[PDB]
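Top to bottom, those sequences are chains T, C, M, B, I and U.
Numbering-wise (PDB author numbering), the first sequence opens with residue 10 and increments by one.
Numbering-wise (PDB author numbering), the second sequence opens with residue 2 and increments by one.
Numbering-wise (PDB author numbering), the third sequence opens with residue 1 and increments by one.
Numbering-wise (PDB author numbering), the fourth sequence opens with residue 2 and increments by one.
Numbering-wise (PDB author numbering), the fifth sequence opens with residue 3 and increments by one.
Numbering-wise (PDB author numbering), the sixth sequence opens with residue 4 and increments by one.
Report on the following structure.
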Amino acid sequence: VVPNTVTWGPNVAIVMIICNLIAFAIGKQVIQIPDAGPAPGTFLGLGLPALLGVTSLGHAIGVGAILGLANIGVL
Amino acid sequence: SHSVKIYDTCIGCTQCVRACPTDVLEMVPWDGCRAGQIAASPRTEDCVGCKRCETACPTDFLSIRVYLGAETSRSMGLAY
Amino acid sequence: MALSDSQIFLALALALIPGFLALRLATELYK
Amino acid sequence: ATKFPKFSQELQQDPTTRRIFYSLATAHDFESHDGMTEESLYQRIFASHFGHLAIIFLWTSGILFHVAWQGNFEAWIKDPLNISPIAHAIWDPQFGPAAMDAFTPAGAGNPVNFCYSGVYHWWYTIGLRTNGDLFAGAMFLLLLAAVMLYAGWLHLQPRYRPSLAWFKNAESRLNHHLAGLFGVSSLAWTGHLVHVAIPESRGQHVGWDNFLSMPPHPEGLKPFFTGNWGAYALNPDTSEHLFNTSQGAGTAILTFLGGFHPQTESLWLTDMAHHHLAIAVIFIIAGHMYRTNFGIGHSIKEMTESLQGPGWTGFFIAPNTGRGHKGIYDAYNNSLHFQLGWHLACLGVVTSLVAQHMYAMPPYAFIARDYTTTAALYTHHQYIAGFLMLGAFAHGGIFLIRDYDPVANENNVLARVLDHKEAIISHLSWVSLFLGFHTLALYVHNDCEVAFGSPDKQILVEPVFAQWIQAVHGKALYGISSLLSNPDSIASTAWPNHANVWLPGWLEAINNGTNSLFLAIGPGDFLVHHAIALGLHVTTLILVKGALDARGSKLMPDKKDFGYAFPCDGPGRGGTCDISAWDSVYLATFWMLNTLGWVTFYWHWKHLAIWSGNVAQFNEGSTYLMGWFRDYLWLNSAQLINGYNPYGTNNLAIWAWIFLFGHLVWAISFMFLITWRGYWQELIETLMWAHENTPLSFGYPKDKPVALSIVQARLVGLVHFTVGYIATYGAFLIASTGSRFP
Amino acid sequence: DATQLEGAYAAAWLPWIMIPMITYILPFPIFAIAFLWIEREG
Amino acid sequence: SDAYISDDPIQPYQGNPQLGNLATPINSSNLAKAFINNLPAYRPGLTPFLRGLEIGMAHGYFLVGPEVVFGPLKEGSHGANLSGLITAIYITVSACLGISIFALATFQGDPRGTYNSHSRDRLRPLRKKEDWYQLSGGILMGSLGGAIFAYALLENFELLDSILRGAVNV
Ligand code: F6C
Ligand code: CLA
Ligand code: CLA
Ligand code: CLA
Ligand code: CLA
Ligand SMILES: CCCCCCCCCCCCCCCC(=O)OC[C@H](COP(=O)(O)OC[C@@H](O)CO)OC(=O)CCCCCCCCCCCCCCC
Ligand SMILES: CC1=C(/C=C/C(C)=C/C=C/C(C)=C/C=C/C=C(C)/C=C/C=C(C)/C=C/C2=C(C)CCCC2(C)C)C(C)(C)CCC1
Ligand code: SF4
Ligand code: SF4
Ligand SMILES: [Ca+2]
């Protein structure tokens with residue numbers, strides 16, 4: 010009835026990190042990057058706004074991917 | 002129309018001109034061979050493409066070549 | 001089980017998309 | 002001047018009926034078109050390729066749609082040995098009720114056609130179980146054809162037309178085709194085979210509603226990530242496994258059994274999934290060899306231009322080849338005719354491989370027992386392969402006419418084979434003459450011995466080399482304990498490794514004398530193999546001679562200035578009929594058709610004698626030519642030509658009609674092939690007189706009636722000969738097999 | 003049994019009209035359109 | 004600044020931006036023009052009678068059907084086909100009476116509007132009253148014939164059905 014969904018184990022932290030790094034890989038190709046604010050470009054290219062946006066999209070992708078993989082047995 | 006080309010191996014024997022059924026060819030002065038003549042093809046709009054001129058040529062290889070081209074009502078030999 | 005009339009009419013209506021895409025490609029290739 | 006054709010001003014000025022015929026047979030020759038640049042040529046070819054893929058997808062969609070709407074797919078999966086698959090329905094209003102009854106089987110309410118393409122077996126082996134599955138596949142392919150059409154239209158738009166440097170990229174394309182058209186596609190096919198095909202083979206239904214639910218293996222991606230991959234080859238399907246049911250089933254998804262499933266007599270689906278996976282990995286690896294824009298990789302051009310000279314850094318397996326392969330990369334890459342004639346040779350070898358492999362190792366369930374389907378599929382692909390091999394040499398000649406550069410190819414391999422072309426042609430001529438004299442004389446001696454009442458005095462030569470190659474694979478049919486026939490040999494045991502886990506399954510199949518995998522061969526096989534050798538050699542003689550003499554010979558030194566197709570060079574110099582390089586592909590089409598006739602006649606009679614149980618009919622009857630005439634052509638014609646008789650019509654009536662239709666078309670060919678142009682031009686002149694002088698006949702030809710040209714009528718007669726030759730044999734092979742073995 | 007053409011399949015009235023259209027109703031218009039296309043003048 | 008400085012899909016009609024029309028894909032593409040300009044109303048060279056004849060044939064043919072299916076006589080085949088036939092006949096005769104009186108009222112001296120001699124309407128090419136009378140006669144002939152052809156195909160639907168099923172080959 011409900012889509013499985015596991016708790017949290019090293020397998021869940023891996024998927025949440027591999028999805029946060031894919032977010033960093035694709036978020037290097039944005040425009041108006043390193044937009045000062047705080048730590049203007051002190052996050053390997055990205056500033057603090059861009060790091061927070063990349064990690065927020067990474068968390069979103071991670072929650073979606075983790076719940077999908079937990080639904081279908083793989084996780 | 003067909004393209005009839007005459008090359009410098011021509012010897013001015015006139016046999017291509019005599020063999021033409023449609024009068025495409027004539028002889029012009031040359032001083033490039035000892036006959037003093039070379040064939041020419043001005044009325045090549047009349048050429049049917051029978052290649053009798055090429056059969057009549059004695060030089061090896063031929064000093065006259067016919068290249069069959071765009072077909073008109075004259076080169077197709079049509080009386081209708 | 002066998003196909004329905006609506007399944008045949010779906011096919012007939014959906015093949016109008018390659019049917020007019022093919023005419024567009026034929027006229028774009030310029031006869 | 003008409004506006005048609007828009008691609009040639011010279012054909013618009015044509016006042017005769019020749020321009021309509023020459024606008025149809027020069028329409029796809031984009032190179033010789035008005036105002037054609039190289040870039041515009043490549044772009045037009047790209048869009049034409051897209052429209053072609055759209056036609057292929059629409060064709061497959063239509064096949065799927067007609068089996069799903071008018072076939073008996075769901076009724077045939079219940080018993081795929083005693084039910085004839087149905088192609089589609091007949092709606093000929095001209096049938097009498099006797100033909101409506103003849104084309105209606107027991108389980109059908111309308112006239113239908115029996116399918117002989119084998120798509121039922123293929124769709125049943127890959128998971129498709131219902132008419133809804135077939136309809137979904139058909140609608141997907143309809144939409145995919147629409148996608149290909151939109152892609153082709155899109156890449157003709159100015160912002161989207163690729164540049165010429167993109168089309169010349171021979172390193173990026175090879176990487177993406179090796180890894181991504183051959184690798185990723187085969188990896189996806191392995192994915193389907195373990196997610197749909199193998200589960201549905203065991204009885205579980207997997208669709209686009211429960212495939213995310215159902216795992217392909219009980220331990221889902223646990224053995225793969227952990228590294229223990231041998232778990233996927235554990236618990237395979239047992240010998241007493243019944244296809245599409247769970248009785249005898251296993252759980253393995255990638256296993257390497259070898260041989261055949263003993264109940265479907267086909268290749269194992271675990272073996273095919275493992276195959277496509279081991280192919281996908283190797284092809285994804287191979288698509289990483291050439292550099293595109295990441296620094297790492299090879300350059301193909303630097304590899305080819307490095308085969309110039311002697312030494313270990315140079316071309317050492319033939320150091321006396323001059324400039325070696327310098328200019329060969331540019332001959333390949335710049336010439337689209339070189340590429341097309343090269344790729345047609347590759348595809349024509351692969352299509353013959355397809356034909357030679359799918360009868361000996363049947364890949365689909367119960368297709369070895371559909372005899373007419375097996376015969377039709379083999380003959381289909383062997384004729385397609387012969388045509389592809391004919392077009393390979395056609396475009397090899399067209400390259401040497403149009404794109405060959407004698408200075409860019411100065412003293413390399415291509416210019417080095419053009420130099421000594423008389424040695425190649427005379428040695429093909431010698432092999433052809435030797436094979437022909439000996440094979441014909443052996444057959445005629447056997448005819449004269451059998452006719453004079455001495456079948457024992459026939460010259461019967463055994464194919465001892467091929468019988469020995471049958472023995473080195475593990476055939477105990479003869480007394481040759483060779484490599485895999487010897488059970489404790491170095492090849493059989495794999496001494497350090499003992500990992501040939503294919504050996505018992507493969508020797509269960511090769512020794513099984515009921516399949517087609519390495520059929521038993523005798524004296525009647527040796528002669529027909531020598532006839533096939535003669536046929537391939539003479540076809541190669543004609544094609545090689547016309548390709549190498551394309552640029553000019555001693556009879557016409559400047560033949561490259563006249564083109565690829567031209568009638569002749571007149572009646573001078575003795576006469577120059579059929580002197581062009583196009584006329585060699587013309588003259589070799591007859592020999593290709595004859596050779597494939599010999600090939601398919603051999604295959605069909607060999608298999609008819611095997612399937613009937615009377616293999617001695619082909620054995621002691623194929624060594625002389627009256628046995629071929631009488632026990633094959635005359636004997637297996639009695640059911641076909643009685644398809645309609647003065648007493649009634651059975652369902653072989655269309656095959657009898659198409660048999661006669663092919664005879665008619667083949668005979669009509671000889672009119673274009675024997676009678677030549679001037680006869681018909683004078684006849685048409687009398688007809689023009691008759692029409693202008695008849696009252697009440699108000700029509701008049703806008704374009705002047707002329708006889709078909711010399712090259713045109715050669716092509717027309719060849720097309721007729723081909724169409725009638727294919728129709729006659731297709732009607733005979735479907736009816737001589739579908740009647741004996743319904 | 004079979005005194006006339008039948009269809010034991012869905013929308014079996016579609017051959018009844020599709021075979022006339024594809025084979026002897028629309029072809030002569032298509033032939034006329036193609037003839038007018040190949041005989042039009044510049 | 005941007006007013007006809009960039010090149011867009013929508014152009015002025017006939018290159019004239021002060022005309023009251025636009026060149027859109029529906030009135031100016033090659034497919035739309037190839038279809039419309041070759042319709043009998045616009046096909047080049049045709050006499051008005053042949054234009055009208057083909058228009059009428061096509062029109063009287065389909066005008067039979069709505070009353071055959073939906074009319075007051077629809078409960079019975081024979082009466083339904085007759086009601087459709089006479090509906091097509093009446094609509095044809097009314098439409099052709101209208102064509103005749105349009106030509107009678109319009110072409111009086113130099114006409115007003117699109118049939119004036121100075122008119123530039125490309126979409127109305129029957130400039131003479133003789134064209135309009137030949138059109139009226141042709142539309143009448145063709146439409147009455149197409150109506151009775153549809154009527155004859157619907158009356159013999161039992162025969163046309165047995166023919167197209169091969170039931171006549173017994
Ligand atoms: C239209 C136009 C025209 C006209 C008018 O108009 C005509 C006419 C004549 C007369 C005069 C005579 C007589 C008649 C008879 O008897 O016979 C029949 C035939 C036919 C064909 C018939 C025809 C008719 C028409 C065609 C009708 C039409 C139909 C419809 C229209 C169709 C439809 C269309 C759609 C679109 C498809 C004739 C003839 C001859 N043809 Mg002759 N035509 C013509 C066309 C054509 C073409 C295309 C071709 C190619 C194929 C040819 C061919 C021929 C030959 C081989 C010969 C002969 O032998 C003959 C003779 O010479 O004597 C002596 N020719 N023609
Ligand atoms: C004699 C050799 C031969 C044989 C046995 C076949 C057999 C087959 N072909 Mg074919 N084919 C051939 C030569 C042959 N082909 C050649 C040389 C070409 C290149 C033009 C083709 C191109 C072709 C196409 C496009 C298709 C096939 C298809 C088929 C399959 C279904 C038709 C059938 O059941 O049987 C009957 C076999 C006959 C030869 C009957 C005679 C009909 C005559 C030949 C019509 C003349 C047209 C032309 C010459 C070739 C048409 C072949 C095809 C339409 C049957 C069948 C396995 C169909 C398929 O793939 O199924 C899914 C299909 O769509 N083939
Ligand atoms: C190319 C594949 C293909 C082929 C060879 C056929 C062949 C046939 N069809 Mg079929 N059809 C197809 C695809 C195909 N169909 C698809 C994808 C659909 C779903 C829309 C249909 C829907 C359909 C219906 C409703 C009917 C047929 C019928 C028929 C039969 C009579 C001819 C006819 O009425 O045409 C009718 C065709 C259509 C209504 C649509 C055709 C759309 C296809 C994709 C056009 C293909 C164009 C092709 C790729 C271009 C080739 C270029 C040229 C060189 C040949 C005939 C055996 C009749 C029948 O069953 O006889 C008993 C019938 O009435 N077909
Ligand atoms: C991964 C990326 C990718 C992929 C998938 C493709 C795919 C394709 N390209 Mg492309 N290309 C790419 C990248 C890619 N390309 C790049 C980066 C460039 C720039 C250098 C190009 C430049 C390019 C050009 C210029 C052209 C293509 C063309 C094609 C098509 C030709 C092959 C074909 O027709 O289908 C079929 C081939 C296969 C399915 C694999 C064949 C393997 C063998 C022969 C068959 C498989 C064997 C097996 C037994 C089959 C059994 C199946 C049976 C049971 C049904 C094809 C769809 C041609 C095209 O335009 O088409 C529109 C073409 O002209 N490409
Ligand atoms: C990938 C495959 C492929 C491609 C793209 C080409 C492409 C080309 N070839 Mg070709 N070729 C091929 C394979 C291929 N070939 C094969 C397999 C053969 C051997 C049969 C040939 C032998 C060949 C020759 C000898 C020539 C070409 C030529 C050409 C060029 C122009 C073709 C043309 O005129 O337009 C269109 C032509 C047609 C539309 C003719 C169609 C009629 C054909 C011949 C038969 C039709 C079947 C019939 C109607 C079935 C009806 C039966 C039934 C209804 C009763 C073009 C670049 C010509 C060239 O390059 O000029 C220098 C040239 O002379 N080819
Ligand atoms: C398959 C189902 C039944 C088939 C019936 C229809 C068959 C095709 C009829 C041809 C009419 C097209 C006339 C174009 C008229 C037109 O727009 O002319 C465009 C072009 C030349 O036009 P011009 O540039 O001269 O245009 C100038 C004038 O229009 C005004 O300036 O002609 C062509 O491209 C010929 C190539 C078409 C080749 C068609 C083959 C492609 C198959 C298409 C499949 C159609 C399916 C449609 C239904 C889904
Ligand atoms: C736009 C379009 C469309 C549509 C079309 C349509 C709309 C249709 C139709 C149609 C129609 C609507 C047709 C028709 C017709 C007709 C006919 C075919 C006629 C006829 C007739 C007749 C033949 C008559 C006769 C007669 C006479 C005249 C006299 C006396 C009587 C009689 C009867 C004898 C579509 C989308 C599809 C696509 C393409 C384009
Ligand atoms: S081909 Fe014939 S017509 Fe032409 S120039 Fe030569 S001889 Fe004269
Ligand atoms: S026949 Fe030849 S050599 Fe003699 S004049 Fe003519 S072209 Fe010259
Ligand atoms: Ca009523």
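Where a beta carbon is used, it is the ideal one built from N, C-alpha and C, also for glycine.
Taking the beta carbon of residue i as the centre, do at least 16 other beta carbons fall within 10 Å, making it buried, or is it exposed?
i      : result
B:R552 : buried
B:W606 : buried
B:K327 : buried
B:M273 : buried
B:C347 : exposed
B:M557 : buried
B:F563 : buried
B:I611 : buried
B:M593 : buried
B:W583 : buried
B:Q459 : buried
Does DSSP put residue i in a helix, in a strand, or in coil?
i      : result
U:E158 : helix
I:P31  : helix
C:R66  : strand
B:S740 : helix
B:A234 : helix
B:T440 : helix
B:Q618 : helix
B:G649 : strand
C:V5   : strand
Taking 8 Å as the threshold (C-beta atoms), are residue j and residue i in contact?
i      : j      : result
B:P568 : B:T18  : no
M:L3   : I:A12  : yes
B:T596 : B:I511 : no
B:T305 : B:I285 : no
Take every Cβ of the region 150-166 of chain B, pair it with every Cβ of the region 96-104 of chain B, and state whether three or more of those distances are shorter than 8 Å. The region 150-166 of chain B vs the region 96-104 of chain B: no contact.
How about the region 501-509 of chain B and the region 443-454 of chain B: do they share at least three Cβ pairs that are nearer than 8 Å? Too few Cβ pairs lie closer than 8 Å, so no.
Extract the residue ranges of the beta strand (DSSP E) inside the region 402-486 of chain B, only unbroken runs of 3 or more that lie entirely within it. As summarised for the region 402-486 of chain B, there are no continuous beta strand (DSSP E) elements at least 3 residues long confined to that stretch.
Contact between the region 221-234 of chain B and the region 250-264 of chain B is defined here as three or more beta-carbon pairs at a separation below 8 Å; is this criterion met? Enough Cβ pairs lie closer than 8 Å, so yes.
Mind the definition here: the region 52-65 of chain B touches the region 126-140 of chain B only if three or more C-beta pairs lie below 8 Å; say whether that holds. Contact between the region 52-65 of chain B and the region 126-140 of chain B is present: three or more C-beta pairs spanning the two stretches fall below 8 Å.
Could you check whether the region 541-550 of chain B touches the region 416-434 of chain B, counting it as contact only if at least three pairs of C-beta atoms, one from each stretch, sit closer than 8 Å? Contact annotation: the region 541-550 of chain B touches the region 416-434 of chain B, with at least three C-beta pairs closer than 8 Å.
So within the region 264-317 of chain B, which uninterrupted alpha helix (DSSP H) runs reach at least 4 residues, ignoring any that extend past its ends? Qualifying alpha helix (DSSP H) stretches, in chain order: 270-287, 301-306.
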